[PDB]
Amino acid sequence: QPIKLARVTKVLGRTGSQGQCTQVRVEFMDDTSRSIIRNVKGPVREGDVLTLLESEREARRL
Amino acid sequence: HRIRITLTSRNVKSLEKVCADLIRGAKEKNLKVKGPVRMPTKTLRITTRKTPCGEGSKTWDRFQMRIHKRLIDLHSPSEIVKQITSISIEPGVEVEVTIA
Amino acid sequence: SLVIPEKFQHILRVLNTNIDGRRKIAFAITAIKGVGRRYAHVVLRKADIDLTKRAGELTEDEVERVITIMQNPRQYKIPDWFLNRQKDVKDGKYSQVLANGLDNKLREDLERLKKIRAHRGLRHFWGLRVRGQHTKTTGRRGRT
Amino acid sequence: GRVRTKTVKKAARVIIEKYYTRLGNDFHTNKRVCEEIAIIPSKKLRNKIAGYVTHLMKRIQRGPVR
Amino acid sequence: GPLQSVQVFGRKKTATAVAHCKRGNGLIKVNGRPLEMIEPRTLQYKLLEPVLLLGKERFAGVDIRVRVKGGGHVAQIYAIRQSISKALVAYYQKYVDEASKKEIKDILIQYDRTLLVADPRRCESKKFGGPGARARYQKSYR
Amino acid sequence: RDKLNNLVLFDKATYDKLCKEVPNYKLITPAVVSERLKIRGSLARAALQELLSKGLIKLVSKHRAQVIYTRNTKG
Amino acid sequence: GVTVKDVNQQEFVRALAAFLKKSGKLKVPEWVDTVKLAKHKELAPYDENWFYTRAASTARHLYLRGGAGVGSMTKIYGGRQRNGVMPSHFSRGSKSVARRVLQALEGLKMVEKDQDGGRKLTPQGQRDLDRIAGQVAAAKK
Amino acid sequence: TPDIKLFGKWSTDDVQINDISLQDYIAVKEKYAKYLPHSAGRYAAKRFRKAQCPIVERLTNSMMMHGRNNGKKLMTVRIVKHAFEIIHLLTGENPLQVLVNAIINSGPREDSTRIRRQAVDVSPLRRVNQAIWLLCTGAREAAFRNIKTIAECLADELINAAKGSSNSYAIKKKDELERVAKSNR
Amino acid sequence: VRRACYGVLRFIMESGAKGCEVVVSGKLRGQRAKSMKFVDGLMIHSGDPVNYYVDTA
Amino acid sequence: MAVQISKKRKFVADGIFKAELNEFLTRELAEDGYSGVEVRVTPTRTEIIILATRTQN
RNA sequence: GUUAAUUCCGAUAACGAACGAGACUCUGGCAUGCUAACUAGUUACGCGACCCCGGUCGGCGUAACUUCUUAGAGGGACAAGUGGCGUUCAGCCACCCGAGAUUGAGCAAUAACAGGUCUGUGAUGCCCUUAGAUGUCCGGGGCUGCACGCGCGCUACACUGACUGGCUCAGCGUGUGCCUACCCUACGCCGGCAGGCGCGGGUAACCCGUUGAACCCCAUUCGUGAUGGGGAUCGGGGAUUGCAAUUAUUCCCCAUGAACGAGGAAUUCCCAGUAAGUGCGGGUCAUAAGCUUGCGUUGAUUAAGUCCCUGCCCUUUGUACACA
Ligand SMILES: [Mg+2]
Ligand SMILES: [Mg+2]
Ligand SMILES: [Mg+2]
Ligand SMILES: [Mg+2]
Ligand SMILES: [Mg+2]
Ligand SMILES: [Mg+2]
Ligand SMILES: [Mg+2]
Ligand SMILES: [Mg+2]
Ligand SMILES: [Mg+2]
Ligand SMILES: [Mg+2]
Ligand SMILES: [Mg+2]
Ligand SMILES: [Mg+2]
Ligand SMILES: [Mg+2]
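Residues numbered from 1 in each chain as written, not as in the entry; some residues may be left out. Chains lettered and ligands numbered in written order. Part of a larger assembly, values for the part shown. Heavy atoms only, no water.

By the naming in the PDB entry, chain H goes by 40S ribosomal protein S5 and is assigned to Oryctolagus cuniculus. Listed in the archive, the entry goes by the title "Rabbit 80S ribosome with Z-site tRNA and IFRD2 (unrotated state)". Of the comments in the UniProt record for chain H, the one headed Sequence similarities reads "Belongs to the universal ribosomal protein uS7 family." (UniProt positions renumbered as here; feature names shortened; annotations may be inferred.)

Naming follows the PDB entry, where chain G appears as 40S ribosomal protein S19 of Oryctolagus cuniculus.

Written as structure tokens, this is what we have:
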């Protein structure tokens, strides 16, 4: 598994039972025309970069 | 001749009414005055359990009594200030005028 | 200055009771009952002994001085208020009672209260709190 | 949580109904013309009525109000 | 010339410190003693932040004597940290150009803006039914 | 279980060891010297004051909590 | 040169302790050895030359502000008394060591009984403390 | 005057934050360069203004835990001062650089949370927070019941975290945390 | 009880008041403790104006 | 005053005076419309004003 | 749709109203502008002490002033300005300006519980007792009693520490009482200490008191050992209060040195000067804080979210429930 970092481009909602994992969509920085949607744990604003351990997991949207 | 007046009340507006009235009385009987100095308000605070019995959530009243005290100094003779203090006082304000 | 000197005593012998010499003297004398923190410090204040020494680098002259000052306290200008057996109920002698006599004086006081049949002796013999505490909630350790 | 209540909104609509000419655009001026023209027994309510007067008069220079 | 004395307060939690700046040489001392022995000396660059951020050339013609009262140790040391900078900024307000005032002020603010404005925070009141301001005692069932 | 039987004064082997290796360390705190050389913290502080007095190591900061020492610069 | 507030106080007090030891005029009591220095302490002082040091310290306090006495010096040299399994409190110092140290600092004339109660330091003692403040500044330069 | 130096002894340039990921949440640069790790505070009014506090003050804040040391900030500034000094003599580089590389190395890249569990990538601010917290608690319980003082526990563990030797408590919990994340992905 | 409370209500509203509230609590119509409530007009309950608009007894 | 009472307990002492005065007049003149009292003090004499309904009684 | 809100915009077989929310009061935060101050001060000026012109002083006095202190009247902030989002309504987000762009409490509706109080009352129905009293008083005892279970807490398990010196900082408050006999104390001596004996101040911005408080800061000693951690238990002595302390009232001195190595199932409080650490005042009080109520002081980790568990409110729906 290669390590890829990607920039949050819009924050969408909170997911999880205790309302703890902020669901955002990100776009990868080398493949800037590509996007994915990730459940992200913690304090997240728009415009920060996440270190994805894998590019390919994509979650549901509630 | 350095006769001093102290004004003391639980009320603030009546006290300051009486003190400004005495300042204007001293001015119309034409003698200088060191102004009404305001010493700090003494609070009398009481915290009691609201309940007569023992049970309940342990709640507490917070009763307060504010006491205001102010001072007026006059270099003047005695009957002038005696006849100015014989008039124009509210019931809430205690007046104490000493000579020395 | 810091090397082990020869004849370094790892242990000493005072009133048939051991004195660990690896510690420091003001706290090594404390190992026998009847002398503690402050009485140990004051006894070796009266004895001309530097407090920085450890109890294995003393000499037998100095430990003889220390044991004489502990056994005869008030004629080395230890005050009367600094003792533990002040005005005792047999001979009235102000002296510091030490290790093997300490439990003797304790148990003689115990037997005096027993055969005098007082309340505090009854509480001792019953195995209770003799100094007026509460037994309803605290002290369930020894008595089941 | 800044919602002007009915005692603010009703009074501001009455002020702008009967005194639209002297009211203007800035909070500090029409605050004191509202304090001259009404009996508002507290400064906090006075300021909130004045601010809502400013806001809906900006709505009036947008267009007509219901 | 005339005595160019400005007396400025600096406020932390309850420790208030009024500084007093005149025409003179660069004499900065607080409560009759210099800055370099004011305990706690852990916060020694806290006192030195106005003089280190501005240089002694700006503190050259100004002697500042500070009297401090109230609060605790670091509250006093933050009140002195505020009061020196505010005393210098009021001297440069009233007796020289205000281009100097603006450059001294934004050099202060671009490091730390609590050098000039204060903390309005104080210890809030203990409500009943708790050990402190908003902690409560331990509720127990069964 | 385990009990550090640290020796409270130097025997000849450990005194010669402290003269040997301890002026070559980078970090010389008494807590380091105690674990590396089997001694008390007190005897460590006394030995390190002795080494500073002889002039074989160098003070860096002295504090009520701990003291920190280096070896000398080699050049 | 400098004065007492111009230098650090914590080596000022050991300088004045060494100065009073050098004079040897202070007249310590006999119960220097067998004392616990206040109620809230637990042991005797570790330093055996402590009377000269507390004499230095209370001379410095009387230089910084006068009109202080036995109760004031117990208020300075008080501290935390740990009461075992109860919460700790503040406890005053020893009255007798403050009384003896003020009698010693008025024995060698560095302090003097003032009006309105208490002690204030004499100009000779003030001169000595200023001299050794100059000496402390010289030792640290 | 330019070149504000942290504790007077360490310059706030000469640092490359080798994450473009954790770049804006570790504050060592010139507008975030202070003299002390002691500021006035008031970083807890808004949400992300926690990340405006510099990393030295934030380490100093996160150290003073477990009851007996709540709000001993002067004390923890003392600990960070001796810790940076011991980092400098024991390593030979910038102590702030050792701190930044320790944060970069010790921040867990992803964690697992219940949505059983599910692996989720973490926020950069949250992995900064958890990195600081793991470093502080490793130093603390290395120091507990030991001759080893905390002012060099924190130093030795920032060395072991900047090297990533799995000899640090922080790097061990980071590895086992993203291990459990790799199980729950 | 009811016509006495009605009489007090109508009397003091004729005497001129923005409102009134009469509560008679106790044993009424039997040995059970009941309560009777008689409200008319304006009656603020909270805040600071209950110290100078409500006369209570 | 030669015993020289302090102001803090002075205001609560004449407060508790006005309290037991009001309660005494309440227990006596309840039959005759006792509304309240007002106590106002001068030197050497003190005007205390019962304010009630049936002044004739 | 929107808000902390039955808060508003708005829809409309409803219209016009009332309470609650809000409004209000106190508090907090900001004014170098106003009012003034020998029961608060600053700055100068003049004497005084000291250091090699200048510096220090809470050393002594007076000519200005009120920034600091006190407290009064006004002000000040309104989502007002700007940029987005929204029917471009109600309003939300962000930002400049700014002492503040959510400080904290008090008050708090309709209806109700067979919740507590007859042990707060001279508020009280009824019953019972009423001279061998269940009235009142005095003497003594008990309310504390210990195989055990539970709850609120304080001290701790130490090196981020203990001990010993040194240095230097608060804000609440209270203080000589109707009966009522018992106040807060500087200062000078005696005593290790608890304390004792004298002359003084204060009915209080005056005197305690500039409240020289602790953690804290600095410098020692201790060295990972139930240890200089911890101080329970216990022996002997010395004081104070009482009319009297024994079942140790409280404190002091020495000696005794236990469990306790961060706590299982479970469970509490909390998000900014907050939690926690720390000490000081009030009540209780002749003696008297392991309590509680206030107060400062050092002062953060984390969060700006959700309906997951525990619950609350509104709508729809189901009911064989209605002491639900
Ligand atoms: Mg003290
Ligand atoms: Mg340790
Ligand atoms: Mg209302
Ligand atoms: Mg309300
Ligand atoms: Mg019931
Ligand atoms: Mg019968
Ligand atoms: Mg009981
Ligand atoms: Mg102990
Ligand atoms: Mg009792
Ligand atoms: Mg022990
Ligand atoms: Mg719960
Ligand atoms: Mg109680
Ligand atoms: Mg069905």
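Next, the rest of the story.
1. Observations regarding the overall build of chain H
A count of helical and extended segments in chain H gives six helices and four strands. The order of helices and strands in chain H, counted from the N terminus, is β-β-α-α-α-β-β-α-α-α. Here the C-alpha atoms of chain H give a radius of gyration of 16 Å, agreeing with the 16 Å that 2.2 N^0.38 yields for 185 residues. Taken over the C-alpha atoms alone, chain H extends approximately 55 × 40 × 35 Å along its principal axes. (Helix = DSSP H or I, 4+ residues; strand = E, 2+ residues; numbered from the N terminus. Rg over C-alpha atoms; globule rule 2.2 N^0.38 Å.)

2. A few points about the environment of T41(B)
Residue and element names in this part refer to chain B. Inspection of the secondary structure assignment puts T41 in strand β2 (residues 33-46). Along the sequence, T41 and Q64 sit 23 residues apart, while their C-alpha atoms lie 12 Å from each other. Setting aside residues no more than four positions away along its own chain, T41 makes contact with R66, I67 and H68. (Contact = heavy atoms within 4.5 Å.)

3. Here we look at the sheet that holds strand β1 (residues 6-11) of chain E
Residues and elements named next belong to chain E. Strand order in the open sheet formed by five strands is β1-β2-β5-β3-β4, with mixed pairing between adjacent strands. At either end of the open sheet lies a strand with only one pairing partner, and these are β1 and β4 (33-34). Pairing geometry for strand β3 (residues 28-30) and β4, over two bridges, is antiparallel. Bridge pairing links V30 to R33 in β4. Sheet contacts for helix α2 (residues 73-94): β1, β2 (16-23), β3 and β5 (62-69); angle to β1, the most-contacted strand, approximately 145 degrees. (Pairing = 2+ DSSP bridges. Axes fitted to C-alpha atoms, helices over the stretch in contact; angles between N-to-C directions.)

4. Side note on the interface of chain H and chain A
Size of an interface, as often reported, equals the accessible area lost when the parts are brought together. Opposite the 24 residues of chain H that make contact, chain A presents 26 residues. Both sides together, the interface formed by chain H and chain A hides about 2300 Å², and carbon and sulfur atoms give 51% of it. At the boundary of chain H with chain A, the tally comes to 12 residue pairs in polar contact. Elements with a minimum of two residues in the side of chain H that touches chain A: β3 (110-114), β4 (117-122) and α4 (124-143) of chain H. For the side of chain H that touches chain A, a count of residues per class yields nine nonpolar, five polar and 10 charged. (Buried area = accessible area lost by both parts, 1.4 Å probe. Polar contact = N/O pair within 3.5 Å; in protein donor to acceptor, adjacent residues only side chain to side chain. Nonpolar A, V, L, I, M, F, W, Y, C, P; charged D, E, K, R; others polar.)

5. A short note on the nonpolar core
If you look at the biggest cluster of nonpolar residues, it comprises 85 residues, and the most contacted ones within it are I64(E), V66(E) and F84(H). Once you skip the residues sitting within four places of it in the chain, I64(E) turns out to touch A19(E), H20(E), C21(E), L27(E), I28(E), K29(E), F59(E) and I84(E). Among the nonpolar cores identified, the runner-up in size contains 36 residues, and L16(G), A17(G), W50(G) and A133(G) belong to it. (Core = buried A, V, L, I, M, F, W, Y, C linked by side-chain atoms within 4.5 Å. Buried < 20%, exposed > 50% of the residue type's maximum accessible area, 1.4 Å probe, protein only.)

6. What about a nonpolar patch on the surface?
A grouping of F125(C), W126(C) and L128(C) is seen on the molecular surface, where their side chains present a nonpolar patch of about 330 Å² in accessible area. Tracing the sequence through the fold places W126(C) in helix α5 (residues 119-126). (Patch = residues over 30% accessible without salt bridge, like charges linked within 9 Å, V, L, I, M, F, W, Y side chains within 5 Å. Areas by Shrake-Rupley, 256 points an atom, 1.4 Å probe, with all protein chains shown as cover. Salt bridge = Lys/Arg side-chain N within 4 Å of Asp/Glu carboxyl O.)

7. Examining the protein's contact with RNA strand K
Neighbouring RNA strand K are 266 residues; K9(D), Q10(G), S88(G), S94(G) and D130(G) lie closest to it. Each atom of RNA strand K within 4 Å of the protein was assigned to sugar, phosphate or base; sugar and phosphate come to 74%. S17(A) places a polar main-chain atom, nitrogen or oxygen, 3.4 Å from a sugar or linking oxygen of RNA strand K. Note that a phosphate oxygen of RNA strand K is positioned 2.9 Å from one of the side-chain N or O atoms of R65(E). Grouping the constituent residues of the surface near RNA strand K by class yields 73 nonpolar, 87 polar and 106 charged. (Near = heavy atom within 4 Å.)

8. Considerations on a positive patch on the surface
On the surface, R45(B), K50(B), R62(B), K126(E), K127(E) and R136(E) cluster together to form a positively charged patch. Topologically, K126(E) is positioned in the segment after α3 (98-109). (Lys, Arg positive; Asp, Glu negative; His and termini not counted. Charge placed at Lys NZ, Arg CZ, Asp CG, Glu CD.)

9. Observations concerning the layout of surface pockets
In this structure, the largest pocket encloses a volume near 1300 Å³. In terms of lining, the largest pocket is formed by 27 residues, of which the most central are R41(E), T42(E), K62(F), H63(F) and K81(H). For the lining of the largest pocket, the elements supplying multiple residues, two or more each, are α1 (44-54) of chain E, β1 (57-62) of chain F together with α2 (73-91) of chain H. Counting residues per element, the lining of the largest pocket draws most heavily on α2(H), which supplies six residues. A per-class count over the lining of the largest pocket returns nine nonpolar, eight polar and 10 charged. (1 Å grid on protein atoms, 1.4 Å probe; cavity = no way out; pocket = protein on both sides within 12 Å on 5 of 7 lines; lining within 4 Å. Points joined across faces, edges and corners; volume = space filled by probe spheres on them.)

10. A word on unusual backbone geometry
Residue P40(E) is bonded to the preceding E39(E) through a cis peptide linkage, with omega at 0 degrees. Secondary-structure assignment places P40(E) in the loop between β4 and α1. Phi at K7(C) is positive, roughly 60 degrees, even though this residue is not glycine. Among the residues examined, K7(C) registers a relative accessible area of 72% and is labelled exposed. Here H66(H), not a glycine, exhibits a phi torsion of approximately 60 degrees, which is positive. Its place among the elements puts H66(H) in the loop between α1 (55-63) and α2.

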